[PDB]
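Data from final-v6.cif: mmCIF, N, CA and C atoms
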```cif
data_run
#
loop_
_atom_site.label_atom_id
_atom_site.label_comp_id
_atom_site.auth_asym_id
_atom_site.auth_seq_id
_atom_site.Cartn_x
_atom_site.Cartn_y
_atom_site.Cartn_z
N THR A 493 86.88 57.67 98.55
CA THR A 493 86.68 59.12 98.48
C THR A 493 86.33 59.55 97.06
N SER A 494 86.92 58.90 96.06
CA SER A 494 86.60 59.21 94.67
C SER A 494 85.20 58.71 94.30
N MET A 495 84.86 57.48 94.71
CA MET A 495 83.52 56.95 94.46
C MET A 495 82.45 57.73 95.21
N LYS A 496 82.81 58.39 96.31
CA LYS A 496 81.89 59.32 96.95
C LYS A 496 81.76 60.61 96.14
N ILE A 497 82.89 61.17 95.70
CA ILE A 497 82.88 62.49 95.08
C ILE A 497 82.41 62.42 93.63
N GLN A 498 82.97 61.49 92.85
CA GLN A 498 82.71 61.49 91.41
C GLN A 498 81.32 60.95 91.09
N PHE A 499 80.88 59.89 91.78
CA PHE A 499 79.58 59.31 91.49
C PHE A 499 78.42 60.17 91.97
N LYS A 500 78.61 60.94 93.05
CA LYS A 500 77.61 61.94 93.40
C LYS A 500 77.63 63.08 92.40
N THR A 501 78.80 63.41 91.86
CA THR A 501 78.87 64.35 90.75
C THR A 501 78.34 63.72 89.46
N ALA A 502 78.46 62.40 89.32
CA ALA A 502 77.90 61.73 88.15
C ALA A 502 76.38 61.69 88.21
N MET A 503 75.82 61.31 89.37
CA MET A 503 74.38 61.23 89.57
C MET A 503 73.74 62.62 89.48
N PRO A 504 74.45 63.68 89.84
CA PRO A 504 73.93 65.03 89.62
C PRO A 504 73.98 65.39 88.14
N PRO A 505 75.08 65.06 87.46
CA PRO A 505 75.14 65.35 86.02
C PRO A 505 74.25 64.45 85.19
N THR A 506 73.96 63.23 85.66
CA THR A 506 73.04 62.36 84.93
C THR A 506 71.60 62.83 85.09
N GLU A 507 71.17 63.07 86.33
CA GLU A 507 69.78 63.43 86.59
C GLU A 507 69.44 64.83 86.08
N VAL A 508 70.42 65.73 86.03
CA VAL A 508 70.19 67.01 85.37
C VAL A 508 70.13 66.81 83.86
N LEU A 509 70.89 65.84 83.35
CA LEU A 509 70.77 65.48 81.94
C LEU A 509 69.48 64.71 81.67
N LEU A 510 69.17 63.72 82.52
CA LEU A 510 68.02 62.86 82.28
C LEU A 510 66.69 63.60 82.43
N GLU A 511 66.67 64.70 83.19
CA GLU A 511 65.49 65.56 83.16
C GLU A 511 65.35 66.28 81.82
N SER A 512 66.47 66.47 81.11
CA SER A 512 66.46 67.15 79.82
C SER A 512 66.62 66.20 78.63
N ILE A 513 67.34 65.08 78.79
CA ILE A 513 67.69 64.23 77.66
C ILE A 513 66.66 63.13 77.47
N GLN A 514 66.13 62.57 78.56
CA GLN A 514 65.15 61.49 78.44
C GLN A 514 63.83 61.98 77.87
N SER A 515 63.54 63.28 77.99
CA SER A 515 62.44 63.87 77.23
C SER A 515 62.76 63.86 75.73
N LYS A 516 63.98 64.29 75.37
CA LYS A 516 64.37 64.30 73.96
C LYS A 516 64.95 62.97 73.50
N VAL A 517 65.16 62.01 74.40
CA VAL A 517 65.40 60.63 73.97
C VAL A 517 64.10 60.02 73.45
N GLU A 518 62.99 60.28 74.16
CA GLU A 518 61.68 59.87 73.67
C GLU A 518 61.30 60.61 72.39
N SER A 519 61.74 61.86 72.25
CA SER A 519 61.62 62.54 70.96
C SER A 519 62.50 61.86 69.91
N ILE A 520 63.64 61.32 70.32
CA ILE A 520 64.53 60.65 69.37
C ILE A 520 64.05 59.23 69.08
N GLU A 521 63.76 58.45 70.12
CA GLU A 521 63.51 57.02 69.93
C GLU A 521 62.15 56.75 69.30
N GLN A 522 61.14 57.56 69.59
CA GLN A 522 59.85 57.39 68.93
C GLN A 522 59.88 57.86 67.48
N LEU A 523 60.75 58.81 67.15
CA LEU A 523 60.97 59.14 65.75
C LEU A 523 61.86 58.11 65.06
N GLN A 524 62.69 57.38 65.82
CA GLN A 524 63.38 56.22 65.25
C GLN A 524 62.39 55.12 64.92
N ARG A 525 61.33 54.99 65.73
CA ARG A 525 60.30 54.00 65.48
C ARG A 525 59.43 54.36 64.28
N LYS A 526 59.37 55.63 63.90
CA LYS A 526 58.67 56.01 62.69
C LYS A 526 59.44 55.57 61.45
N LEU A 527 60.77 55.46 61.56
CA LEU A 527 61.58 55.02 60.43
C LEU A 527 61.38 53.54 60.14
N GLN A 528 61.19 52.72 61.18
CA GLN A 528 61.03 51.29 60.97
C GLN A 528 59.65 50.92 60.44
N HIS A 529 58.67 51.82 60.53
CA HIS A 529 57.39 51.63 59.87
C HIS A 529 57.33 52.28 58.50
N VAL A 530 58.10 53.35 58.28
CA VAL A 530 58.17 53.95 56.96
C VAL A 530 58.99 53.08 56.02
N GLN A 531 59.92 52.30 56.56
CA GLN A 531 60.70 51.37 55.76
C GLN A 531 59.84 50.15 55.45
N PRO A 532 59.07 49.67 56.43
CA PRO A 532 58.22 48.49 56.18
C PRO A 532 57.06 48.78 55.24
N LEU A 533 56.56 50.01 55.22
CA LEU A 533 55.54 50.37 54.23
C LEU A 533 56.16 50.63 52.86
N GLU A 534 57.46 50.96 52.82
CA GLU A 534 58.12 51.22 51.54
C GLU A 534 58.37 49.93 50.76
N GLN A 535 58.67 48.83 51.47
CA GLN A 535 59.01 47.59 50.79
C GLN A 535 57.78 46.90 50.20
N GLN A 536 56.66 46.92 50.93
CA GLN A 536 55.44 46.31 50.40
C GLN A 536 54.82 47.16 49.29
N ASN A 537 55.09 48.47 49.27
CA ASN A 537 54.63 49.30 48.17
C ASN A 537 55.51 49.12 46.94
N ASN A 538 56.83 49.01 47.14
CA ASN A 538 57.73 48.74 46.03
C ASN A 538 57.54 47.33 45.48
N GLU A 539 57.12 46.39 46.33
CA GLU A 539 56.77 45.06 45.84
C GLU A 539 55.48 45.10 45.03
N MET A 540 54.50 45.89 45.48
CA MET A 540 53.25 46.03 44.73
C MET A 540 53.40 46.92 43.51
N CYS A 541 54.40 47.80 43.48
CA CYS A 541 54.64 48.61 42.29
C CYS A 541 55.21 47.76 41.16
N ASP P 118 68.39 65.48 66.79
CA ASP P 118 66.96 65.26 66.61
C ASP P 118 66.45 65.94 65.34
N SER P 119 67.00 67.11 65.01
CA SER P 119 66.65 67.79 63.77
C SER P 119 67.11 67.00 62.55
N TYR P 120 68.24 66.30 62.68
CA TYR P 120 68.71 65.42 61.61
C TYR P 120 67.77 64.25 61.38
N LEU P 121 67.12 63.77 62.45
CA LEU P 121 66.24 62.61 62.33
C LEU P 121 64.93 62.97 61.64
N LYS P 122 64.43 64.19 61.85
CA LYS P 122 63.20 64.63 61.20
C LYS P 122 63.39 64.79 59.69
N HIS P 123 64.57 65.24 59.26
CA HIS P 123 64.84 65.37 57.84
C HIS P 123 64.94 64.00 57.16
N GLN P 124 65.57 63.03 57.85
CA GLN P 124 65.65 61.67 57.33
C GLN P 124 64.28 61.01 57.25
N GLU P 125 63.44 61.26 58.26
CA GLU P 125 62.11 60.66 58.32
C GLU P 125 61.20 61.19 57.22
N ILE P 126 61.39 62.46 56.83
CA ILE P 126 60.55 63.07 55.80
C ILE P 126 60.86 62.49 54.42
N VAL P 127 62.11 62.08 54.20
CA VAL P 127 62.51 61.53 52.91
C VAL P 127 61.85 60.18 52.67
N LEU P 128 61.64 59.41 53.75
CA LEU P 128 60.96 58.12 53.63
C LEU P 128 59.49 58.29 53.25
N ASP P 129 58.84 59.33 53.78
CA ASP P 129 57.43 59.56 53.50
C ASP P 129 57.21 59.99 52.05
N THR P 130 58.17 60.71 51.48
CA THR P 130 58.07 61.09 50.07
C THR P 130 58.23 59.87 49.16
N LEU P 131 59.08 58.92 49.54
CA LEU P 131 59.22 57.68 48.77
C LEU P 131 57.95 56.85 48.84
N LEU P 132 57.24 56.90 49.98
CA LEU P 132 55.92 56.28 50.07
C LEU P 132 54.92 56.91 49.12
N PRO P 133 54.89 58.23 48.92
CA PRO P 133 53.95 58.81 47.95
C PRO P 133 54.31 58.50 46.50
N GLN P 134 55.61 58.44 46.20
CA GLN P 134 56.06 58.15 44.84
C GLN P 134 55.68 56.74 44.41
N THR P 135 55.86 55.76 45.30
CA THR P 135 55.44 54.39 45.01
C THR P 135 53.92 54.27 44.95
N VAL P 136 53.21 55.01 45.82
CA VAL P 136 51.75 54.97 45.83
C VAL P 136 51.17 55.57 44.56
N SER P 137 51.79 56.65 44.06
CA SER P 137 51.33 57.28 42.82
C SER P 137 51.55 56.37 41.62
N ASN P 138 52.67 55.64 41.60
CA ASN P 138 52.98 54.78 40.46
C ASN P 138 52.15 53.50 40.46
N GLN P 139 51.87 52.93 41.64
CA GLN P 139 51.07 51.70 41.69
C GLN P 139 49.61 51.98 41.35
N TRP P 140 49.13 53.19 41.66
CA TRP P 140 47.80 53.59 41.22
C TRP P 140 47.75 53.76 39.70
N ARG P 141 48.84 54.25 39.10
CA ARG P 141 48.88 54.47 37.66
C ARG P 141 48.88 53.15 36.89
N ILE P 142 49.57 52.13 37.42
CA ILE P 142 49.57 50.82 36.78
C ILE P 142 48.20 50.17 36.88
N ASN P 143 47.50 50.39 38.00
CA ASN P 143 46.13 49.91 38.14
C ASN P 143 45.18 50.69 37.23
N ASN P 144 45.42 52.00 37.07
CA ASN P 144 44.54 52.83 36.26
C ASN P 144 44.61 52.46 34.78
N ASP P 145 45.80 52.10 34.30
CA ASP P 145 45.94 51.62 32.93
C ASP P 145 45.27 50.26 32.75
N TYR P 146 45.34 49.41 33.78
CA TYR P 146 44.75 48.08 33.70
C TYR P 146 43.23 48.13 33.72
N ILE P 147 42.65 49.12 34.40
CA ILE P 147 41.20 49.20 34.56
C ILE P 147 40.53 49.55 33.24
N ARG P 148 41.16 50.41 32.44
CA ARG P 148 40.61 50.74 31.13
C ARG P 148 40.68 49.56 30.17
N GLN P 149 41.72 48.74 30.28
CA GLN P 149 41.85 47.57 29.42
C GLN P 149 40.81 46.50 29.76
N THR P 150 40.49 46.36 31.05
CA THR P 150 39.52 45.35 31.48
C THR P 150 38.11 45.68 31.01
N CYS P 151 37.75 46.97 31.04
CA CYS P 151 36.42 47.38 30.60
C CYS P 151 36.25 47.19 29.09
N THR P 152 37.31 47.44 28.33
CA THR P 152 37.26 47.21 26.88
C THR P 152 37.24 45.72 26.57
N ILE P 153 37.95 44.91 27.37
CA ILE P 153 37.93 43.46 27.19
C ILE P 153 36.58 42.89 27.62
N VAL P 154 35.85 43.63 28.46
CA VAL P 154 34.50 43.23 28.86
C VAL P 154 33.53 43.33 27.70
N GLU P 155 33.56 44.45 26.98
CA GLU P 155 32.59 44.69 25.91
C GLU P 155 32.85 43.79 24.71
N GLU P 156 34.13 43.50 24.44
CA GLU P 156 34.46 42.57 23.36
C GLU P 156 33.99 41.16 23.68
N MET P 157 34.11 40.74 24.94
CA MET P 157 33.61 39.43 25.34
C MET P 157 32.09 39.40 25.38
N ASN P 158 31.46 40.50 25.80
CA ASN P 158 30.00 40.54 25.88
C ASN P 158 29.36 40.56 24.50
N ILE P 159 29.97 41.28 23.55
CA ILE P 159 29.47 41.28 22.18
C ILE P 159 29.69 39.92 21.52
N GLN P 160 30.79 39.24 21.88
CA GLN P 160 31.03 37.90 21.35
C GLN P 160 30.00 36.91 21.88
N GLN P 161 29.60 37.06 23.14
CA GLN P 161 28.60 36.17 23.73
C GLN P 161 27.21 36.43 23.15
N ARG P 162 26.89 37.69 22.86
CA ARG P 162 25.60 38.03 22.28
C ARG P 162 25.48 37.50 20.85
N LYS P 163 26.56 37.61 20.07
CA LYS P 163 26.56 37.07 18.72
C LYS P 163 26.46 35.54 18.72
N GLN P 164 27.06 34.90 19.72
CA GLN P 164 27.00 33.44 19.82
C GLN P 164 25.59 32.96 20.16
N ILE P 165 24.91 33.67 21.07
CA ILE P 165 23.56 33.28 21.47
C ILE P 165 22.57 33.52 20.34
N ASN P 166 22.87 34.49 19.46
CA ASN P 166 22.06 34.66 18.26
C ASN P 166 22.22 33.48 17.31
N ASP P 167 23.46 33.01 17.13
CA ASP P 167 23.74 31.95 16.16
C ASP P 167 23.17 30.61 16.62
N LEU P 168 23.22 30.33 17.92
CA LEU P 168 22.66 29.09 18.46
C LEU P 168 21.15 29.05 18.30
N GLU P 169 20.49 30.19 18.50
CA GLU P 169 19.04 30.26 18.33
C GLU P 169 18.64 30.19 16.86
N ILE P 170 19.41 30.84 15.99
CA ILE P 170 19.07 30.92 14.57
C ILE P 170 19.20 29.55 13.90
N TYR P 171 20.25 28.80 14.26
CA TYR P 171 20.52 27.51 13.61
C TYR P 171 19.44 26.48 13.93
N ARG P 172 18.88 26.54 15.14
CA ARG P 172 17.73 25.69 15.46
C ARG P 172 16.48 26.16 14.71
N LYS P 173 16.32 27.48 14.53
CA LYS P 173 15.14 28.01 13.87
C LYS P 173 15.13 27.68 12.38
N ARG P 174 16.30 27.70 11.73
CA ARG P 174 16.38 27.36 10.32
C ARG P 174 16.08 25.88 10.09
N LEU P 175 16.65 25.02 10.93
CA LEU P 175 16.42 23.58 10.85
C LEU P 175 15.02 23.22 11.36
#
```
Full structure transcribed into structure tokens:
Amino acid sequence: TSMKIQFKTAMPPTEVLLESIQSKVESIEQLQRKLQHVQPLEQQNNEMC
Amino acid sequence: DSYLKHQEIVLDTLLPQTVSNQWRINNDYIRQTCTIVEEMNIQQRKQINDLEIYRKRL
């Protein structure tokens, strides 16, 4: 009864979140990927400096 | 997410600071190379004069 009630409440709270959060997760994770290229360009420039 | 944009901008400014300084080290080196060019070229011209003159005198 709990796995019926809570997980259907979980899947509703997840999918209402994932319609809103996975858009801003891609806003978060692709901006995290900008940091790993800004760091890799920083080291080769500091090596060349 | 707003915190991540502020962190990301700080990295880009460090990229311009290193880029400005590495250009400046190259810019100082470029003026020295051109001056070292003319000193070597004048030395070569004086040498080619001396090699020709010494055969002409003899």
Pull the closest atom pair for each residue of chain P that gets at most 7 Å from chain A, along with the distance in Å to one decimal, counting all atoms listed in the file, ordering rows by chain and then ascending residue number, as a tab-separated table.
```
residue	atom	partner	partner_atom	distance
P:118	CA	A:520	CA	5.9
P:121	C	A:523	C	6.7
P:125	CA	A:527	CA	6.0
P:128	C	A:530	CA	5.9
P:129	N	A:530	CA	6.3
P:131	C	A:534	CA	6.2
P:132	CA	A:534	CA	5.7
P:135	CA	A:537	C	5.6
P:136	N	A:537	CA	6.3
P:138	C	A:541	CA	5.8
P:139	CA	A:541	CA	4.8
```
Can I get the selection written as a PDB file, in the coordinates of the input, with N, CA and C atoms?
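Here's the written file out_20.pdb:
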```pdb
ATOM      1  N   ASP P 118      68.390  65.480  66.790  1.00  0.00           N
ATOM      2  CA  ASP P 118      66.960  65.260  66.610  1.00  0.00           C
ATOM      3  C   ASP P 118      66.450  65.940  65.340  1.00  0.00           C
ATOM      4  N   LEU P 121      67.120  63.770  62.450  1.00  0.00           N
ATOM      5  CA  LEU P 121      66.240  62.610  62.330  1.00  0.00           C
ATOM      6  C   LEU P 121      64.930  62.970  61.640  1.00  0.00           C
ATOM      7  N   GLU P 125      63.440  61.260  58.260  1.00  0.00           N
ATOM      8  CA  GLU P 125      62.110  60.660  58.320  1.00  0.00           C
ATOM      9  C   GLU P 125      61.200  61.190  57.220  1.00  0.00           C
ATOM     10  N   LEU P 128      61.640  59.410  53.750  1.00  0.00           N
ATOM     11  CA  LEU P 128      60.960  58.120  53.630  1.00  0.00           C
ATOM     12  C   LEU P 128      59.490  58.290  53.250  1.00  0.00           C
ATOM     13  N   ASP P 129      58.840  59.330  53.780  1.00  0.00           N
ATOM     14  CA  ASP P 129      57.430  59.560  53.500  1.00  0.00           C
ATOM     15  C   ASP P 129      57.210  59.990  52.050  1.00  0.00           C
ATOM     16  N   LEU P 131      59.080  58.920  49.540  1.00  0.00           N
ATOM     17  CA  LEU P 131      59.220  57.680  48.770  1.00  0.00           C
ATOM     18  C   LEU P 131      57.950  56.850  48.840  1.00  0.00           C
ATOM     19  N   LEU P 132      57.240  56.900  49.980  1.00  0.00           N
ATOM     20  CA  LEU P 132      55.920  56.280  50.070  1.00  0.00           C
ATOM     21  C   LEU P 132      54.920  56.910  49.120  1.00  0.00           C
ATOM     22  N   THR P 135      55.860  55.760  45.300  1.00  0.00           N
ATOM     23  CA  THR P 135      55.440  54.390  45.010  1.00  0.00           C
ATOM     24  C   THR P 135      53.920  54.270  44.950  1.00  0.00           C
ATOM     25  N   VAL P 136      53.210  55.010  45.820  1.00  0.00           N
ATOM     26  CA  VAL P 136      51.750  54.970  45.830  1.00  0.00           C
ATOM     27  C   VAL P 136      51.170  55.570  44.560  1.00  0.00           C
ATOM     28  N   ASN P 138      52.670  55.640  41.600  1.00  0.00           N
ATOM     29  CA  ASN P 138      52.980  54.780  40.460  1.00  0.00           C
ATOM     30  C   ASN P 138      52.150  53.500  40.460  1.00  0.00           C
ATOM     31  N   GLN P 139      51.870  52.930  41.640  1.00  0.00           N
ATOM     32  CA  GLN P 139      51.070  51.700  41.690  1.00  0.00           C
ATOM     33  C   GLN P 139      49.610  51.980  41.350  1.00  0.00           C
TER      34      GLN P 139
END
```
CA of residue 501 (chain A) to CA of residue 513 (chain A) measures 17.2 Å
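Computed from the coordinates, the CA of residue 126 (chain P) to atom N of residue 532 (chain A) distance equals 13.5 Å.
Atom pair CA of residue 493 (chain A) / CA of residue 508 (chain A) has a distance of 22.5 Å (rounded to one decimal).
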Edge lengths and centre in Å to one decimal, as AutoDock Vina command-line options, is what I'm after for the box along x, y and z that holds all listed atoms of region 493-504 of chain A once 6 Å is added on each side.
```
--center_x 80.3 --center_y 61.2 --center_z 93.3 --size_x 25.2 --size_y 20.4 --size_z 22.4
```
